[PDB]
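Next comes structure32.csv, a file with CSV, C-alpha atoms.
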```csv
chain,number,residue,atom,x,y,z
A,1,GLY,CA,53.8,226.8,100.7
A,2,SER,CA,51.1,224.2,100.0
A,3,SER,CA,49.3,221.9,102.5
A,4,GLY,CA,46.6,219.2,102.6
A,5,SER,CA,43.3,219.1,104.4
A,6,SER,CA,41.0,217.0,106.6
A,7,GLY,CA,37.4,216.5,107.6
A,8,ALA,CA,35.3,214.4,110.0
A,9,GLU,CA,32.3,214.4,112.3
A,10,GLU,CA,32.9,215.7,115.9
A,11,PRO,CA,33.7,212.9,118.3
A,12,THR,CA,30.8,211.5,120.3
A,13,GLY,CA,32.9,211.5,123.5
A,14,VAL,CA,33.6,213.9,126.4
A,15,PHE,CA,37.4,213.4,125.8
A,16,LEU,CA,37.9,215.9,122.9
A,17,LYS,CA,41.5,214.9,123.0
A,18,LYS,CA,43.1,211.6,124.1
A,19,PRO,CA,46.7,211.3,125.4
A,20,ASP,CA,48.5,209.6,122.5
A,21,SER,CA,51.3,207.4,123.6
A,22,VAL,CA,54.6,209.4,123.7
A,23,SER,CA,57.9,207.7,123.1
A,24,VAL,CA,60.7,209.6,125.1
A,25,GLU,CA,64.3,208.8,125.8
A,26,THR,CA,65.8,208.1,129.2
A,27,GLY,CA,67.0,211.3,130.9
A,28,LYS,CA,64.6,213.4,128.8
A,29,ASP,CA,61.3,215.2,129.7
A,30,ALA,CA,58.0,213.6,128.7
A,31,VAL,CA,54.9,215.6,128.0
A,32,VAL,CA,51.2,214.6,127.4
A,33,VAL,CA,48.4,216.6,125.9
A,34,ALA,CA,44.7,216.0,126.5
A,35,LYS,CA,41.4,217.9,126.6
A,36,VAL,CA,38.0,217.5,128.2
A,37,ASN,CA,34.6,218.8,127.0
A,38,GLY,CA,33.1,220.5,130.0
A,39,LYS,CA,29.9,221.4,128.3
A,40,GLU,CA,29.1,217.7,127.8
A,41,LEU,CA,29.8,217.2,131.5
A,42,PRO,CA,27.2,218.3,134.1
A,43,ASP,CA,29.8,219.5,136.7
A,44,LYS,CA,33.5,220.2,136.9
A,45,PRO,CA,35.4,217.0,136.0
A,46,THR,CA,38.1,215.4,138.2
A,47,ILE,CA,41.5,215.1,136.6
A,48,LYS,CA,43.7,212.4,138.2
A,49,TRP,CA,46.9,210.9,136.8
A,50,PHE,CA,47.6,207.3,137.8
A,51,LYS,CA,50.5,204.9,137.0
A,52,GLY,CA,50.0,201.3,136.2
A,53,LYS,CA,49.1,199.9,139.6
A,54,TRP,CA,46.9,201.9,142.1
A,55,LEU,CA,49.7,204.4,142.5
A,56,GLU,CA,49.3,208.2,142.9
A,57,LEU,CA,51.1,210.9,141.0
A,58,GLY,CA,51.6,214.5,142.0
A,59,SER,CA,52.3,214.0,145.7
A,60,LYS,CA,53.5,217.6,146.3
A,61,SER,CA,53.6,220.8,144.3
A,62,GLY,CA,57.3,220.7,143.7
A,63,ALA,CA,58.3,217.4,142.0
A,64,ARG,CA,59.4,216.4,138.5
A,65,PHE,CA,55.7,215.6,138.0
A,66,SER,CA,54.0,218.7,136.7
A,67,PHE,CA,50.4,219.4,135.8
A,68,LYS,CA,49.1,222.1,133.5
A,69,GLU,CA,45.3,222.6,133.5
A,70,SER,CA,43.7,225.6,131.7
A,71,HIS,CA,40.0,226.4,131.5
A,72,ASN,CA,38.6,228.4,128.5
A,73,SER,CA,35.8,231.0,129.0
A,74,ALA,CA,34.3,230.7,125.5
A,75,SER,CA,35.5,227.3,124.5
A,76,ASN,CA,34.7,225.8,127.9
A,77,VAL,CA,37.3,223.0,127.5
A,78,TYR,CA,39.8,221.8,130.1
A,79,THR,CA,43.2,221.3,128.6
A,80,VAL,CA,45.4,219.1,130.9
A,81,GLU,CA,49.0,218.1,130.2
A,82,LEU,CA,51.2,215.8,132.2
A,83,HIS,CA,54.9,216.7,132.1
A,84,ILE,CA,57.6,214.4,133.5
A,85,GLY,CA,61.3,215.2,133.9
A,86,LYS,CA,64.2,212.9,134.2
A,87,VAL,CA,62.3,210.0,132.8
A,88,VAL,CA,63.7,206.5,133.4
A,89,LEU,CA,63.1,202.9,132.3
A,90,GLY,CA,61.3,202.4,135.6
A,91,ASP,CA,58.7,205.0,134.5
A,92,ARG,CA,58.0,203.6,131.0
A,93,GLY,CA,54.9,201.4,130.7
A,94,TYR,CA,51.3,202.4,130.8
A,95,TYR,CA,49.1,205.0,132.6
A,96,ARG,CA,45.4,205.8,133.1
A,97,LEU,CA,43.5,209.1,133.3
A,98,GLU,CA,40.4,209.0,135.5
A,99,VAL,CA,37.7,211.6,135.0
A,100,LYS,CA,34.3,211.6,136.8
A,101,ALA,CA,31.5,214.2,136.9
A,102,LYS,CA,28.1,214.8,138.5
A,103,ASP,CA,26.8,211.8,136.6
A,104,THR,CA,29.0,211.5,133.5
A,105,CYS,CA,32.0,209.2,133.9
A,106,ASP,CA,34.9,208.6,131.4
A,107,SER,CA,38.5,207.6,131.5
A,108,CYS,CA,41.3,207.3,128.9
A,109,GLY,CA,44.4,205.2,128.9
A,110,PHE,CA,47.8,206.0,127.4
A,111,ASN,CA,51.3,204.4,127.2
A,112,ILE,CA,54.7,205.9,127.5
A,113,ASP,CA,58.1,204.6,126.4
A,114,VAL,CA,61.6,205.3,127.7
A,115,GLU,CA,64.3,204.6,125.1
A,116,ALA,CA,67.6,203.6,126.7
A,117,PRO,CA,71.0,204.9,125.5
A,118,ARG,CA,73.2,202.8,123.2
```
Can the structure from this file be put into structure tokens for me?
Amino acid sequence: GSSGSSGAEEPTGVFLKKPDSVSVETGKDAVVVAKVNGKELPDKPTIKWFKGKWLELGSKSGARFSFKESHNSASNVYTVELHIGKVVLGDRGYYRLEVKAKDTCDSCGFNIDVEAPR
């Protein structure tokens, strides 16, 4: 078939990809996608997922909260994705991704929504 096209100047930021707000439904599984330009960073960045207040996600390696981080050899980009299972209205709201390096420091903010049943 046929398709369109696009074009723009590379982003002047370390966060090659920002976690766009994802609207999920209660009882469903949420998933966020984000990337980080390591090259631009002096040292290995620190990926940490926070929830509204000064909370702390990913307590143990065996909870609904899953984390997928992959590092490319040629690309050199860290692709992190936050997956949440059995989402509830108590989870919906806003989040914040902290990322600090040797000297470089940057953080992005996303918002999730949990649609309730009829």
Open item on the list: Residues near segment 87-104 of chain A, anyone? I mean within 6 Å using only C-alpha atoms, not counting same-chain ones fewer than 6 positions away, as an NGL selection string.
Closed with: :A and (26-28 or 42-43 or 45-52 or 110-114)
Task: Contacts of segment 62-66 of chain A within 7 Å, all atoms listed in the file, excl. fewer than 6 positions in-chain, as JSON, numbers by chain - done: {"A": [82, 83, 84, 85]}
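You can rank A:7, A:13, A:117, A:58 by their closest distance to residue 39 of chain A using all atoms listed in the file, and at the top of that list sits A:13.
Of the listed residues A:86, A:56, A:116, A:17, the one whose atoms come nearest to residue 32 of chain A is A:17, with distances taken using all atoms listed in the file.
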- [ ] For atom CA of residue 37 of chain A and atom CA of residue 60 of chain A, quote the distance in Å rounded to one decimal.
- [x] 27.0 Å
- [ ] Give the answer as one residue: which of A:109, A:11, A:19, A:38 has the shortest atom-to-atom distance to residue 77 of chain A, using all atoms listed in the file?
- [x] A:38
Task: Residue with smallest distance to residue 14 of chain A - pool A:2, A:75, A:70, A:107, counting only C-alpha atoms - done: A:107
- [ ] Considering only C-alpha atoms, state which residue in the set A:40, A:106, A:115, A:10 is at the smallest distance from residue 22 of chain A.
- [x]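 The shortest atom-to-atom distance to residue 22 of chain A comes from A:115.
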TODO: Write out as a PyMOL selection string the residues lying within 8 Å of residue 35 of chain A, counting only C-alpha atoms and excluding same-chain residues fewer than 2 positions away.
DONE: chain A and resi 15-18+33+37+77-80
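Interatomic distance, atom CA of residue 20 of chain A against atom CA of residue 1 of chain A: 28.3 Å.
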